[PDB]
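Taking the form deposited without the partner chain, here's one chain by itself in structure tokens.
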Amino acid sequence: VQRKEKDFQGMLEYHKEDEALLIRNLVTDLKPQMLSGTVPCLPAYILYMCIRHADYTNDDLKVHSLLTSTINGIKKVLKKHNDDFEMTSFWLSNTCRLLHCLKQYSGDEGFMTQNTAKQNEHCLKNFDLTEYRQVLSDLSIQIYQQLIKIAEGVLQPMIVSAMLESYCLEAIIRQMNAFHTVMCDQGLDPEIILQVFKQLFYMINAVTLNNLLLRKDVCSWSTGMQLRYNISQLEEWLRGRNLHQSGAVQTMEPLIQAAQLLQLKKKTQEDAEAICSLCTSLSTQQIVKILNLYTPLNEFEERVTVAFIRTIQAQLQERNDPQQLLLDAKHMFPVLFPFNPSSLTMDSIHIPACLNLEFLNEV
């Protein structure tokens, strides 16, 4: 019959027999490479547009099957690419954006407060997808855990030589810059980006301090001076990238204090008092260890005396502190990925033919 002049509603329709193909071409076989320079998180937007048509047509089987198959496809891709930072970051970003869409367009007033009138026209009408959002939320946490695992594994061999000693600092920074560039390009939430680097800089803090707590060959005034300089370059890199609100600098306070301790005078009651008031982020045990390990680099200086160490120990009596000497390098900070509604209108999503998704027609 005769058709009206109909404009795009921002929905994408497909036949149920083509779902396996959709999941194949949009998830299973998708390479992040191909998607530059499209809109970032294009798969999340296409996926929501499909879910929205399923809801529009009151098709709860299509809704259930699509979501379930998407979640399974993503887990399959990530198990296959379990050492791939880019691929892992790519699906974190899209899993998050898909979850944001399902919240922002849930139809629940508590999520629709930054929504424009037209955006509200794009809300789901039939289905409450609360259980699927919970699954997507659990999934984003698991993908983030893989991302940290990958990034820490890459950084691990670089740390000791970059901070104390083979790798240079510039190599560490180049790696950090690589990680950051990928996450930005893929549209990962800046709040998640902040939490990633907080985590990685804690690992630098822990691994480097553990080396100072066990090895006399690095506990010298010279190392402390060089270490403090290296940490300052990291801080400058962080500020230059607008990552200084991440909490990353704070995670390095123990190491910073260790580097300064190595440079402080270590002879008098006054010297002892200075060390105690400065080293508020080092336990009594850690401070005493570094003082014991401390080795002058020429015969013109002596080692810290037993008397001095006992003076330190008496000044720190009021402290309980933990117990173990070393820091857990694998400590993971709890995270929160907040709801991040976008000002984007689904009404304007164009789909490249390299995705091979022409069978999806526009409603």
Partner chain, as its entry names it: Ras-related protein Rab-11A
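Residue numbers count along the first chain shown, from 1. Here, rigid core means the biggest group of C-alpha atoms that superpose within 1.5 Å across both forms. Residues that one form lacks are left out of the comparison.
Below, we refer to the form deposited with the partner chain bound, which is not included among the displayed structures.
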| Contact residue in the entry with it bound, from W221, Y167, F85, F111 (heavy atom within 4.5 Å of the partner chain) | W221
| task | Name the single residue among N242, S232, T268, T280 that comes within 4.5 Å of the partner chain in the entry with it bound, judging by heavy atoms. | result | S232
| field | Check all three, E236, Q263 and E301, heavy atom within 4.5 Å of the partner chain in the entry with it bound | value | yes
| said: Within 4.5 Å, heavy atoms only, one stretch in 144-152, 88-96, 113-121, 221-229 touches the partner chain in the entry with it bound. Which? | reply: 221-229
| task | Classify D7 as shifted (yes) or not shifted (no) between the shown form and the other one, where shifted means its C-alpha moves by 2 Å or more with the rigid core superposed. | result | yes
| task | Superpose the two forms on the rigid core, then report in sequence order the stretches of at least three consecutive residues whose Cα positions each move 2 Å or more between the shown form and the other one. | result | 1-8
